[PDB]
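The structure under discussion appears below in the form of structure tokens.
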Number of protein chains: 2
Amino acid sequence: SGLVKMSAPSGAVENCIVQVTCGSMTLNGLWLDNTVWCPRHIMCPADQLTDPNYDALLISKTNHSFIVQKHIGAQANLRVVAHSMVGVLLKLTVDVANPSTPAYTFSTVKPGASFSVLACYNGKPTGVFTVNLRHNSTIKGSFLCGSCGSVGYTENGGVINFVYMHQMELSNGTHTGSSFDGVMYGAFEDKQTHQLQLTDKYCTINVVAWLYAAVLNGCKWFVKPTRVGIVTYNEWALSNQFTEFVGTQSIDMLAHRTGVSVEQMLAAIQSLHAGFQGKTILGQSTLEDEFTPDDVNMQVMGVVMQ
Amino acid sequence: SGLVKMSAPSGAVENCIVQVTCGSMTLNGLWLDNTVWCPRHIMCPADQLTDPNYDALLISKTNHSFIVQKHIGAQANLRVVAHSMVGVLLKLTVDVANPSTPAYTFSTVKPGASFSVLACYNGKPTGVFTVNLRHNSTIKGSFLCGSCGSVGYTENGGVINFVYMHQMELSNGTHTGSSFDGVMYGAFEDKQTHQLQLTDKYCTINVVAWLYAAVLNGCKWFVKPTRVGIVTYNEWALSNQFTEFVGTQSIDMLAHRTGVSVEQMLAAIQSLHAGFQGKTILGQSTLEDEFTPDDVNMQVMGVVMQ
Ligand SMILES: O=C(Nc1ccc(N(Cc2ccsc2)C(=O)Cn2nnc3ccccc32)cc1)c1ccccc1
Ligand SMILES: O=C(Nc1ccc(N(Cc2ccsc2)C(=O)Cn2nnc3ccccc32)cc1)c1ccccc1
């Protein structure tokens with residue numbers, strides 16, 4: 001038992017991290033087969049950060065402009081033989097395939113989805129943590145400018161699913177990046193201008209999963225006979241910065257295991273949002289919305305007890 | 001900017017995880033050079049878990065009693081050629097040295113220290129997370145029964161420092177294990193009996209470090225001119241389940257960078273302990289005490305807030 005933020009083991013991703021340098025700027029890249037991916041803003045000189053013309057920047061560079069180095073493991077300097085833009089990514093073709101390329105896929109995750117982040121600095125892995133794609137398609141991470149190129153991923157049956165490359169800090173502790181098709185998560189441009197974020201929202205179904213985790217972990221004081229219909233909850237959610245609830249099979253099975261109904265949990269959310277009354281749930285006095293039902297499922301399998 | 005629970009990258013440790021089976025019990029082991037470590041309760045029949053005779057169990061086992069397999073990466077079946085007891089651990093000697101043994105050390109951490117955990121199941125790494133050794137030398141982690149043998153570690157300069165091997169769950173969300181000298185953390189025996197947990201406390205210096213991280217991230221509402229001397233706080237701490245504050249250079253450094261004195265932070269603690277007044281710090285409405293000063297140092301290095 002217990003519930004903690006858990007990341008996928010990072011070894012397979014660590015073997016793919018490299019350092020990329022262009023002019024005075026350096027950050028991290030991801031080396032898969034004969035390709036190195038990094039943010040295109042590596043090309044931008046410090047004085048043009050507000051107004052980058054990436055098309056001009058691209059063609060002002062030669063292949064030799066980009067120095068690519070592998071520092072950890074089987075150390076190497078990698079010759080760049082082509083460079084092109086893929087949305088807000090630079091795609092550097094190099095003359096050697098990464099022999100440690102894992103089986104992999106690319107995906108774009110949806111708000112409410114969790115993934116692991118390998119934080120990197122100067123081409124070396126430095127930390128691992130998990131985030132959730134926020135309703136406004138930001139993430140709440142921990143980064144420096146030198147951490148750009150850090151990689152978000154999930155893992156399933158030996159296959160690494162690459163979903164995020166770190167691009168920018170939008171505001172304090174608020175970050176965004178692109179999927180590997182080069183599309184930036186959310187309504188955000190890779191430039192150094194104030195950009196307004198859409199309002200964030202609690203991910204209801206994640207909150208519900210977390211409350212079920214709590215109940216399986218013996219924490220149940222918040223469960224009452226009180227029920228709220230999904231239609232009534234969703235109307236309330238629109239006025240209180242929660243997402244609308246749509247049930248899933250995974251939630252249904254958690255309800256089955258605990259004997260606590262979805263309508264009870266939605267009622268608990270409404271009460272708890274008004275206040276925790278000096279009490280805690282799984283160590284917290286705020287609603288937790290970054291565990292998905294799948295994340296919870298992985299960490300439970302106890303019999304409901306009490 | 002941003003502050004998240006960060007773990008050390010796990011790849012170096014992943015290469016050392018194996019599966020160990022004895023009779024019908026299987027769990028995880030750590031393979032370094034020609035040695036495999038695992039909890040000694042792998043020898044115990046299900047029906048003797050209340051009062052195992054580990055010395056008699058050891059004698060009844062042969063080297064052939066133990067099946068060790070590497071299931072990930074370079075797969076292997078490892079032949080056991082010796083077995084001996086090391087406190088609450090078994091030390092198996094195998095006939096093949098792990099070719100991927102990292103530079104490593106062993107140490108035993110003190111209450112208030114953080115370390116990373118690679119959760120494993122049937123000899124396969126499954127997840128990474130960070131814990132803090134509690135005041136009663138338990139940890140608040142996330143483990144299932146097949147997770148025994150999972151490994152706790154830190155990184156120090158390309159050296160893996162192994163500090164924990166998971167042994168048991170004491171109560172919901174409460175765990176302990178041993179260092180690799182085979183000494184169990186805390187007052188706990190490796191038998192299936194209810195054991196008394198000494199009362200936990202808030203680690204004051206960690207809470208202080210967390211408050212400093214908040215200020216460095218532009219969260220400052222809790223800072224007042226109010227001060228409380230160290231000697232006075234410590235008197236207060238004894239009656240309110242906080243550890244005594246002893247100053248360190250790391251904390252002094254944070255105080256200097258933020259211009260907020262330790263005494264102001266201890267005052268904030270006394271106040272926040274009474275209640276957060278409907279406000280939040282770094283997203284939370286409870287005092288966070290599992291970030292060490294060094295954990296915080298590594299995630300800060302932005303420049304001046306007001
Ligand atoms: O510093 C340099 N470049 C740079 C690049 C990107 C950013 N932006 C905004 C942006 C995106 C596209 S254009 C501008 C971030 O959000 C970088 N970033 N990303 N995560 C960060 C966390 C903390 C601080 C900064 C962080 C800022 C600066 C530099 C250094 C030497 C030579 C040339 C350039
Ligand atoms: O299940 C078996 N053994 C076993 C071993 C240890 C434990 N204990 C307690 C303990 C310690 C020393 S002796 C007894 C835990 O705390 C295991 N543990 N460790 N972390 C856990 C999290 C959730 C549930 C259980 C967890 C429980 C059972 C088994 C299965 C087949 C054949 C023989 C034995």
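Chain labels A, B, ... are given in the sequence in which chains occur in the structure tokens; within each chain residues are numbered consecutively from 1, and ligands are likewise numbered from 1 in the order shown.
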* To do: Give me, as a count of residues only, the contact residues of chain B against chain A at a cut-off of 8 Å, counting only C-alpha atoms.
  => 34
Close residues, residue B:52 itself excluded, 12 Å, only C-alpha atoms, min 3 positions apart in chain, as an mmCIF file with C-alpha atoms, in the first residue's frame:
data_model
loop_
_atom_site.group_PDB
_atom_site.id
_atom_site.type_symbol
_atom_site.label_atom_id
_atom_site.label_comp_id
_atom_site.auth_asym_id
_atom_site.auth_seq_id
_atom_site.Cartn_x
_atom_site.Cartn_y
_atom_site.Cartn_z
ATOM 1 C CA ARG B 40 16.380 -13.149 4.250
ATOM 2 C CA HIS B 41 12.632 -13.710 4.608
ATOM 3 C CA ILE B 42 12.717 -15.227 1.126
ATOM 4 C CA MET B 43 13.618 -18.451 3.009
ATOM 5 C CA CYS B 44 10.493 -18.402 5.169
ATOM 6 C CA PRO B 45 7.525 -20.735 4.442
ATOM 7 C CA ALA B 46 4.202 -18.843 4.476
ATOM 8 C CA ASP B 47 3.166 -20.618 7.667
ATOM 9 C CA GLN B 48 6.187 -19.578 9.750
ATOM 10 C CA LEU B 49 6.135 -15.846 8.954
ATOM 11 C CA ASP B 55 19.315 -19.763 11.503
ATOM 12 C CA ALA B 56 17.590 -23.127 11.044
ATOM 13 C CA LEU B 57 16.131 -21.969 7.723
ATOM 14 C CA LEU B 58 19.620 -21.039 6.546
ATOM 15 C CA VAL B 88 18.167 -9.306 7.813
ATOM 16 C CA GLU B 189 12.126 -7.153 13.216
ATOM 17 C CA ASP B 190 11.569 -9.116 10.024
ATOM 18 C CA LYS B 191 8.628 -11.150 11.268
ATOM 19 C CA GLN B 192 4.886 -10.925 10.654
ATOM 20 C CA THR B 193 3.853 -9.446 13.990
#
I'd like the contact shell of residue B:198 - 9 Å cut-off, only C-alpha atoms, skipping same-chain residues fewer than 5 positions apart - returned as a tab-separated table (two decimals) with C-alpha atoms, in the first residue's frame.
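Below is the file that was written, selection10.tsv:
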chain	number	residue	atom	x	y	z
B	135	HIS	CA	11.74	10.46	12.48
B	136	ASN	CA	10.86	6.89	13.54
B	137	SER	CA	13.05	5.49	10.76
B	187	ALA	CA	13.07	-0.68	15.77
